[PDB]
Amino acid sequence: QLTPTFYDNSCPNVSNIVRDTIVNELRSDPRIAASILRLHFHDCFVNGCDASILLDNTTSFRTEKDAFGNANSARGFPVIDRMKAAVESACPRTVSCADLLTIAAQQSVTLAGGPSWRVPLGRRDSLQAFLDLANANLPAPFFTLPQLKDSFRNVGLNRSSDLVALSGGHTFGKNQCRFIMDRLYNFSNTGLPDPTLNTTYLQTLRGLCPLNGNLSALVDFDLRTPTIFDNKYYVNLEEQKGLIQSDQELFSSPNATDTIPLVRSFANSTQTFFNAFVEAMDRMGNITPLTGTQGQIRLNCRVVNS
């Protein structure tokens, strides 16, 4: 029962406030649009899009920010605080942090050249955070294709089109050397590189991520257009130039009979990818929301109201 018109009477300019915050932030941090999209993904995969990920530690629950998928990885929380403060100034006690993050994710994709659409709204904010659930639910870059599929199925995204389209989020943003070292030097305990990685690209990545190098050094997910939201992600996969294992699995796994045609169709038509990305984003945004009088309108996104 989420609806795109939820704030049309109570805070009609919310989307513009969000967009203006991201644009101002992009002036100093060109990565923030990618980081915000990822925060929304990590919100939704853990008890639904309920802003659980934004809560700080308390003595009764641990923050999801300490999860393996978030710690020293997720970023942009201060930007969310800034846009929440601005929306609170304009429409007090009205817009949930969960909806704010959803809007910010959509605006981030559009600002980077991606599709533009009106997200469903009406989510409410959780009363707790779910660290253990984050550690169980968030997929990992060394997952095989059946494990990736199971990770999406576990949160309610059954369709291979969900997985292939949402993986297109890696058409922009950055990845730490840590998560590709195995592919470059010791894949599956062979002491050898991943044979599905293009051998010329292998040499490039070894130059960026040497053995004994800084594991926190960042590499672009999309070697073609690292900052533009477009379908080049899938073109890379067809050339064996997916960056992390879970990217290339979509095209090269023995289990990819159903994902290969999707990768090819998205590589062949930007419109096909953009349509599928919006559809999959709206489904992800629909994972187990609190609505109505459930949850609250959190006033400070880091803490429950008191």
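The numbering used is simple: start at 1 and walk along the sequence shown.
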{"query": "Entry-level comparison of average CA B-factors, 90-98 and 145-153, reporting the higher stretch", "finding": "90-98"}
{"query": "Between the two ranges 165-173 and 187-195, the one averaging a larger CA B factor in the entry", "finding": "187-195"}
{"query": "From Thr270, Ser52, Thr259, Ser246, residue of greatest CA B-factor", "finding": "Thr270"}
{"query": "Third of chain Cα B-factors occupied by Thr200", "finding": "highest"}
{"query": "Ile32 CA temperature factor, ranked by third within the chain", "finding": "highest"}
{"query": "CA B-factor ranking of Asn214, expressed as a third of its chain", "finding": "middle"}
{"query": "Entry-reported Cα temperature factor of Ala140, expressed as the chain third it lands in", "finding": "middle"}
{"query": "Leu26 - which third its CA temperature factor falls in, relative to the rest of the chain", "finding": "highest"}
